[PDB]
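below you'll find the sequence and an experimental structure to go with it.
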Number of protein chains: 6
Amino acid sequence: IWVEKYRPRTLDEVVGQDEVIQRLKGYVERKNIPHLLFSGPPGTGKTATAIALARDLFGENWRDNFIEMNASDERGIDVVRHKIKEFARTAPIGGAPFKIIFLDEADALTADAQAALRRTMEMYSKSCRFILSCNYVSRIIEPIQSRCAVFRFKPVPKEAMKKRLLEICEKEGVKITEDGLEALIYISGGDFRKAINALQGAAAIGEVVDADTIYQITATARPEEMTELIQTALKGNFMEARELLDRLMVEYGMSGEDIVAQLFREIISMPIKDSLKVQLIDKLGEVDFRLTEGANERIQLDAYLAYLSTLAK
Amino acid sequence: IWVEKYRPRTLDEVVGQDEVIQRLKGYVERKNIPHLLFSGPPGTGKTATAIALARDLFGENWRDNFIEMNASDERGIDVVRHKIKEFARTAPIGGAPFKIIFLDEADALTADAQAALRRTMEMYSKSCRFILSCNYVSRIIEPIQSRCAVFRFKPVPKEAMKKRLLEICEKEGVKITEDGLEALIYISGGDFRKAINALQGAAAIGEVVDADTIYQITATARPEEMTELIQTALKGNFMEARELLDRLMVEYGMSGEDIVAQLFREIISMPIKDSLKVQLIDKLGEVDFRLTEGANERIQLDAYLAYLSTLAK
Amino acid sequence: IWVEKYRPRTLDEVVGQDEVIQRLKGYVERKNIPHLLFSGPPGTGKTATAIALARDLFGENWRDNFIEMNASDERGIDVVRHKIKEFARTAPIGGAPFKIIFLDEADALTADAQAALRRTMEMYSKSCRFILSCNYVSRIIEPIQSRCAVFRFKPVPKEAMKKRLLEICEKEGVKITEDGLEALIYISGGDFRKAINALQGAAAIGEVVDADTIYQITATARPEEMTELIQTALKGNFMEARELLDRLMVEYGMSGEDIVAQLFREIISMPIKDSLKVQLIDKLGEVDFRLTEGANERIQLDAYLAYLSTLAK
Amino acid sequence: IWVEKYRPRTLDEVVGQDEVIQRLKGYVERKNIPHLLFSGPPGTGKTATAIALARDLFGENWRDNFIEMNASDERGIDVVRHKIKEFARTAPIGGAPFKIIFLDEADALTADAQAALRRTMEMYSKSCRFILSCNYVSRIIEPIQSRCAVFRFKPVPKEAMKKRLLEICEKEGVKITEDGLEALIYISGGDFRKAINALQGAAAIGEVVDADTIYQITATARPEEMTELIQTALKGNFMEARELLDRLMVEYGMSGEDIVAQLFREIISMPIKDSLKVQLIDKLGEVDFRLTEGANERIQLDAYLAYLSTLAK
Amino acid sequence: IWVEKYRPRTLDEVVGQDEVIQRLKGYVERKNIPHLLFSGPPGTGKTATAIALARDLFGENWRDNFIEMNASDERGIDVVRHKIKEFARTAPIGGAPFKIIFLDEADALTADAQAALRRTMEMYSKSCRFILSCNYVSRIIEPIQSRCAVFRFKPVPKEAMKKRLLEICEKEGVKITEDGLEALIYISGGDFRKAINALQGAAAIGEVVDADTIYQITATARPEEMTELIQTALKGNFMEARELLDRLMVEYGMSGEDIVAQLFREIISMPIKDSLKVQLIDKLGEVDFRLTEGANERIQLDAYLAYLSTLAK
Amino acid sequence: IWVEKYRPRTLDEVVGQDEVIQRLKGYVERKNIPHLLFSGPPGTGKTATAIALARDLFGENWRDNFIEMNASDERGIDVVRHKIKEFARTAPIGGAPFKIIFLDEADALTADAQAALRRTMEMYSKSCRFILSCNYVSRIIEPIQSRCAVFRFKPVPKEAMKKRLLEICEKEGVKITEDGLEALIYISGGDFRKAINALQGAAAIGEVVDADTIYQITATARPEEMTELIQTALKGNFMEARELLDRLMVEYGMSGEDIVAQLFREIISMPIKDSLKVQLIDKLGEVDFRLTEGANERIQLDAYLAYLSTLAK
Ligand SMILES: Nc1ncnc2c1ncn2[C@@H]1O[C@H](COP(=O)(O)OP(=O)(O)NP(=O)(O)O)[C@@H](O)[C@H]1O
Ligand SMILES: Nc1ncnc2c1ncn2[C@@H]1O[C@H](COP(=O)(O)OP(=O)(O)NP(=O)(O)O)[C@@H](O)[C@H]1O
Ligand SMILES: Nc1ncnc2c1ncn2[C@@H]1O[C@H](COP(=O)(O)OP(=O)(O)NP(=O)(O)O)[C@@H](O)[C@H]1O
Ligand SMILES: Nc1ncnc2c1ncn2[C@@H]1O[C@H](COP(=O)(O)OP(=O)(O)NP(=O)(O)O)[C@@H](O)[C@H]1O
Ligand SMILES: Nc1ncnc2c1ncn2[C@@H]1O[C@H](COP(=O)(O)OP(=O)(O)NP(=O)(O)O)[C@@H](O)[C@H]1O
């Protein structure tokens, strides 16, 4: 179950987030915790450090006190309040003063539920504490940011993830190549869950973990193939391009969105002129719309390879 | 009821999917099942192999344990949880350790319901197991892919379906012709349920199963007619084409989308130049949008036959 | 602790609220107080004037009598009733007839608790008085508005805050620029706590308080950057713009909405022609739609920087 | 229930409609009734005088004969025809020759149902009669106007409604102020039902009926607020205006249409130049369209406050 | 009941339709009737001549045989077929060979019901005959036009209606002026029902029938007023125009459509340049749309007077 | 009576239907006839070839045996069964084995009557034969298609009709121009009866058969007029255009749809640039929408001639 079995066990073990951790460490020496607001992309380590933060302060007795719950399940803020009263009357067993509750997906709620936090903030800051996880800070109404120290998680930098990917490997006897790592990171988007999980799935199989074995397991074209199809499209060979994208869409079985996504990437990282690149993206912008409005995948897609083959002359 | 009466009874019997089955077999020798994630087009064999997988592991006592339910019926994830507790307390009767629940249409739910899986994964991996079927893997939030072995079902090729269709016939004393088979496949889109079901419906009637008897039972324009209308359109005979498509749209009573769809197919499998085929498809891509935005069927359609009749010279 | 150390000490010292104060002064000459209902946005000076109102009537002996408490903490209306009997039996020491209790967040309660006020209104209007603070008057059930003089606080207008910001500076030897001020107000949302507090945080640092030093301390896109990216986009440098917006979106980690928002602001407060400014906003209006329909953030956004770089010529 | 308890009891008692009544009286002396067509805004007295007209001709025995039904409930023209045969065979008990049926919302039906009237007109003009109420005469197909005397109800002026509102009060021991009356009329749109009904609802509560108590009970922005927001918008304070309208839109929870409506009113009754008022209204006319086409409420609205803040200089 | 009491009683008595009648007379001398197709605007005399045609051929015994029914009441084509068998077995009593059935609103049906005519055409052309009335010929599927002599009724010319209006008057002792006639014809649109019916309503009242008394009874502005408001609008006096249109809309109480209609007429028959007239109509074209989509009458209207007052300079 | 006097007298003489005839000829050499199923649009030659098929097999003695009857006249399938027993007992006089019955409008019947065919199929395939004509094959329940050779008549292509029109002329001393022909086909809809019949009606008159003489005899807008009005509109003469379209709409009394239709046609077959032609049709596409939504015919139409006269410069 890798993404768990490698849940960092200490602040020091969460990586790529010096930014936060460096200064979240200065909360363990003093044993102060104001209500934490963790904000960032998903799979970057809010839940992780919000464990390892609860873990560095309680030693061995965290699981007893800390509880993670998803804030977006609307009718349970008020059903998990009796957990707020047993938890707040119990003194941290050992020698610590305070206690923690984690709240994933905070930024899903409308103004109201957000308030109910507040009458356990000033009632329990000599006992309880909240850690709020949210995709964006902007989406949490001011009255809470008010009483929160705030931490912006960044999508995890290259080397720092690449290194911890290796550790996960060497220690699991899996052979990635250089190819497979770099590729496991085109994939990852800077999101461990995605990265670990993928690696896991390539590890499951037979041995050497190639560039490809990775592109395949996630269903994401070899970037060579994309810029081959965008190219043979621009050349004028419509039926040929259509062929490719088809094969291409079954080899790995991507959604429409998924294809239009990589079409983007590889359109951006073409080395063609800033003058044409626009035309291409503008229209891709169109196509992606059509699809989300629920028009037809096959037709809009091919209909975009069609686009490219007009700009032949 | 053919589509059932030929539900594969063993992993060996599910075809065209070596890919998955080959390595899904290595889960019966060991008697390991992690939560399965079946992803692919519809009518390729997720439900099928997710039966024959439950069937190969329990012998004669599968029906008792395995239950398929559709995950998209939003208010019943939590109403079919009491099926999760009776099922999880019952030991597989005979000599096996584990048990299975199938969940069609997983990729219809928003983040939340997806989580509720998780507190029966680590609670029941010494007892219960889930098999998740989904159109695309991309659409199932990472936290689950996390705890799933994943299988990408591919559309089952021509011959392999054509062969199993015959088996379904010979063994049911139905006379298809060659026409009727090839036709039964234009239809099928590479989707058995659609294919079997249609055959069934032609079998029900009187005897010989023709090209036509198949185009009729599914309501679908003869491909000759389409490429006749697209042809007389291109030649310049606008009023004539408009006539055809009209007659055509009542003979079988197709939607706008439906017409625009076969218009595509037959525009692609025209033997005209990769140069013009684009112009046609680019514009079809336009029409189809118009329509889904809710503009006017008759007008946009005829408006597209108009298109084709400018490119006369 | 600025927000406190500059709590106005007299009705005269609360600003931008002439509206209320002008006519709340005519309650100090007569020494009449009916139950006050303060309504307005948060951070505009209900609590403040509800102090300076208690302060102008008791001189030096206010703290002894006046007590602020939060009304939303449901189980304490009735636990802070013994404060209602000691307080109501004590005659205002000196030469005044009456006494005051402040109740923040009144508009959080359901019908019932609201009533319990009433049997201390007609029992204590020859002794006690309430000041009720609420986000909106509409939310306080009629039977109370009934026995309340009512005051609508308005978000503190520009100049009035800008002036009192300056007084807070000159008297604290802090150098704001014009930029800093105006920026300190883009920030402030018309909410002093936010404003003072921020200013504080910029004063803490080294000297001159710039437009930027303010956008930094609160964490927001520097308006310089936006109008730099919209510029380099309009110039034709699409890849460069895309680059900026990307860095830009991580430096601060804004949503799509969030970016489309500042994109707007800085599109409006561009000094370009009313002729083009439309084109821009019309299309932004489009983008923002796409996004809310759930199309793709990265694609629509870059797809709009694409837009801007067609209008190069 | 005021709106009923003050249903006029005689033609004399229906007010502001001399126009009609004056000449509808000349139908009681002669005891002639051709099929009446009442047309006008809603809440002006069609139903009312169509009662008091039935009441002035039958004395005490009207309720027995006269029946009002709503004509827009499509499948009941033909289900309330057996009421047409029992009613038409019964002679007006006492000494009168004829009888009446009222039909609210006539102008909702398509051509067909309208005809079915006709074979009870020439069949029952020596017995039955219809009174048709409709928003506009233009909307009732000629073949009926044909056989109808027609009456155009006009919106009942200010004073005349203001006077009858007082009568409804004085005689019900309710204390309106001047404010509350004038306000109860901003509200009323010149439509009693709305006006009475609202008053009723303010009467229900505690005592004095203020300007406010009226704006509240109907949920409607204080006109001061609107022209404050339109003002601070015009001055240049976009963020401030956006703030107001937001607060404003929750305080009372208005639709987009609803806001755009009062925006109109107060834009018209601004005391600004006939020169600019146009620019404002032209654009409002734009916004309101956008919205009804289903574009985005928040964006178009704010987008219109944006408009007003360009015309600063 | 004028529109009936002046139902022409012979072909000779139907006016303005020489066109048809001239050659519909040549069917009475021969006593031939093929199935008649009457097509034209409403209220021009299809039903009328289709009576007077049935009346000129049967003398005194028409009512017995001829029956008019509305074809659009879908479930009764087949319920009024037993009227087709009693009617077809009965020989025209006296000395004539054939018989007639009239069918109003033919052009409302879909293809199918249209056919059911046909098996009583060739079955009853030695006995029965149909007269089909329809707004437009184009809307009646060919297979019927096939077996129909066809007659296009034109909106009734000026003098021919004006003359028969007079006859209706002199013979009813009503005093129209020249004004009132001409005006009763601006009104009429070339549609007697509308014209007669209106006259009737002006006759009902007191004596002299003026230009105005006519504009009032139909709710249609004095054309002077319109071109006054369109003028004071174009001059720049927005509030003044808005005032007018308001008064104007109550004086006669027109719909939105109704106002936009006359706005059209009087915009066309302005004597302004063909260059501006366009701008005005283009926008009116817009406004009328907005309204039919259900946007707001008051706002779009005024919003169009707003338009006109921009084009001041 | 042309449509008859040119009823083809041999399979060779039926034209444009090679398709069928080519392979319906191979039934005369062998003298085999299984039950024929003719399907196609009306007026394409089912009845015709179903005569000339009966005519090529019997020589001079067809009329005696063959009988056409209409199948939709419900109560006569069973009344024309005694024609089935006299006909089936009579041996084809001369030297042929079999005999024929034609059944127009087959596709009008419900399941039941369809069966009664069957007990004269296997009872008379050594004597009798049926030829079934139907608008669509899809509409004839399978159990019959079962025992039918099937033939799809196609709308008679351009040249093939144009040629046989000429033969009808040259051999009748009538002078069509090229114009007349091409026009006689715009008319014909690809339906001879319509075409021959019309030609007939133009031949009747004086000499040369023009484009016009044809548009007249059938009643349609002269295509000259349309492209005159669209022209004078584009030139800038709005009032003049409006005038034309008005006259134009009464001369023939077209619907809005009807006018928008020819507007299209003549917009397409304008010889203007593919660049403007779009602008035109895009807007026509708009207009036609407005209308179907039920906005105002006169206003939208003139409002579109307005459109055309902006694009003057
Ligand atoms: N920043 C990180 N450093 C090291 N390991 C990580 C990090 N992020 C995730 N992992 C591993 O990947 C899994 C995902 O953790 P985590 O991101 O906290 O869960 P999440 O809530 O779904 N995404 P997030 O909201 O950013 O926390 C964890 O259980 C970790 O073991
Ligand atoms: N790949 C396949 N191999 C063998 N038989 C199949 C296959 N796909 C379908 N069939 C037969 O056709 C029926 C439909 O197949 P299957 O895809 O397994 O279930 P489904 O309800 O139609 N859709 P899905 O979600 O793809 O599983 C089954 O009951 C099978 O017996
Ligand atoms: N013009 C009026 N004169 C006197 N009383 C009125 C008038 N309009 C309304 N009222 C009182 O207010 C109530 C509503 O009036 P009225 O218009 O007659 O019926 P309605 O159901 O509200 N709408 P409508 O379709 O205009 O008749 C009535 O029951 C009247 O007693
Ligand atoms: N052309 C006419 N000449 C003389 N009187 C007419 C004419 N049209 C209508 N009238 C009178 O006005 C009434 C309307 O008649 P008519 O137009 O036949 O009914 P309609 O069906 O509603 N309109 P239409 O469909 O054109 O016949 C009649 O009953 C006539 O008395
Ligand atoms: N394909 C053809 N070749 C030659 N003449 C034709 C053809 N189709 C029609 N005609 C002439 O036009 C008339 C109509 O054709 P025909 O099909 O016999 O009448 P119809 O029955 O109304 N059409 P249908 O019902 O589809 O057969 C005939 O009597 C023929 O003379």
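Nice, thanks for sending it over. Numbers count the residues shown, from 1 in each chain, chains lettered A, B, ... in the order given. Ligands and ions are numbered 1, 2, ... in the order given.

from here on, contacts and neighbour counts on C-alpha atoms
Noted.

residue A:301 - how many residues pack around it?
23 (other C-alpha atoms under 10 Å in any protein chain shown).

give the buried residues for stretch A:252-259.
A:252, A:253, A:254, A:255, A:256, A:257, A:258, A:259 (16 or more other C-alpha atoms under 10 Å in any protein chain shown).

of these, which are in range of ligand 3?
The subset of those lying close to ligand 3, counting by C-alpha under 6 Å from any ligand atom, is empty.

so the residue lying closest to residue A:242 once chain neighbours are set aside: helix, strand or coil?
Excluding the flanking residues, the one nearest residue A:242 by C-alpha to C-alpha, 6 or more residues apart in numbering or on different chains is residue A:302, at 6.1 Å. Assigned state for residue A:302: helix (three-state reduction, DSSP: H, G, I helix; E, B strand; the rest coil).

how much space separates residue A:302 from residue F:152?
Distance of residue A:302 to residue F:152, given as C-alpha to C-alpha, to the nearest Å: 34 Å.

returning to that earlier point: how about the buried residues of stretch A:252-259, which pair is most distant?
A:252 and A:257 (13.7 Å; C-alpha to C-alpha).

all strands of chain A, in order?
For chain A, the strands defined by DSSP state E cover A:36-39, A:67-70, A:101-104, A:130-134, A:149-152.

give the partner strands of the last one in its sheet and their orientations.
According to DSSP bridges, strand A:149-152 forms sheet pairs with strand A:36-39 (parallel).

what of the fourth one?
Paired with strand A:130-134 in the same sheet, following DSSP bridges, are strand A:36-39 (parallel), strand A:101-104 (parallel).

deepest of these, which one?
strand A:36-39 (a mean of 25; mean count of other C-alpha atoms under 10 Å in any protein chain shown).

up against chain C, what does chain A have?
Selection of chain A residues close to chain C by C-alpha under 8 Å from any C-alpha of the partner chain yields A:40, A:119, A:136-138, A:152, A:154, A:261, A:264, A:268, A:274-275, A:278-279, A:281-282, A:284-285, A:288-289, A:292-293.

one step back: make a markdown table from the strands paired with strand A:130-134 and add distance to ligand 3 to it.
Formatted as a markdown table, those follow (distance: least, C-alpha to the nearest ligand atom, whole Å):
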| stretch | distance to ligand 3 |
| --- | --- |
| strand A:36-39 | 55 |
| strand A:101-104 | 53 |
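
I'd like to know which of those is closest to ligand 4.
strand A:101-104 (70.0 Å; C-alpha to the nearest ligand atom).

so what's residue A:145 closest to, chain neighbours aside?
Closest residue to residue A:145 apart from its sequence neighbours, by C-alpha to C-alpha, 6+ apart: residue A:37 at 7.4 Å.

near chain B, from the buried residues of stretch A:252-259?
Among these, the residues lying close to chain B (C-alpha under 8 Å from any C-alpha) are A:252, A:253, A:254, A:255, A:258.

picking that back up, which of the residues of chain A next to chain C are buried, as a ChimeraX select command?
Buried residues among these (16+ other C-alpha under 10 Å), as a ChimeraX selection:
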select /A:40,136,137,138,152,154,261,264,268,274,278,279,281,282,284,285,288,289,292,293
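
so which of the residues of chain A next to chain C sit within helices?
Residues of the residues of chain A next to chain C located in helices (DSSP state H): A:261, A:264, A:268, A:278, A:279, A:281, A:282, A:284, A:285, A:288, A:289, A:292.

for the stretch 151-300 of chain A, which residue gets nearest to ligand 2?
Nearest residue of the stretch 151-300 of chain A to ligand 2: residue A:253, at 13.9 Å (C-alpha to the nearest ligand atom).

for that residue, phi and psi?
phi 70, psi 60 (degrees, to the nearest 10).

need the contact list for it.
Shown in contact with residue A:253 (C-alpha atoms under 8 Å, 6 or more residues apart in numbering or on different chains): A:219, B:40, B:136, B:152, B:154.

with adjacent residues omitted, what lies nearest to the fourth one?
For residue B:152, the nearest residue in space outside its immediate sequence neighbours is residue B:39; the separation is 4.8 Å by C-alpha to C-alpha, 6+ apart.

okay but the one you found is in contact with residue B:135, surely?
Yes: contact between residue B:39 and residue B:135 holds when scored by C-alpha atoms under 8 Å: they sit 5.5 Å apart.

which residues do the two both contact?
What both residue B:39 and residue B:135 touch, as defined by C-alpha under 8 Å, 6+ apart, is an empty set.

sorry, back to before: and the strands of chain A as a markdown table, adding distance to residue C:178?
Output for these, formatted as a markdown table (distance: least, C-alpha to C-alpha, whole Å):
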| stretch | distance to residue C:178 |
| --- | --- |
| strand A:36-39 | 32 |
| strand A:67-70 | 45 |
| strand A:101-104 | 41 |
| strand A:130-134 | 35 |
| strand A:149-152 | 29 |
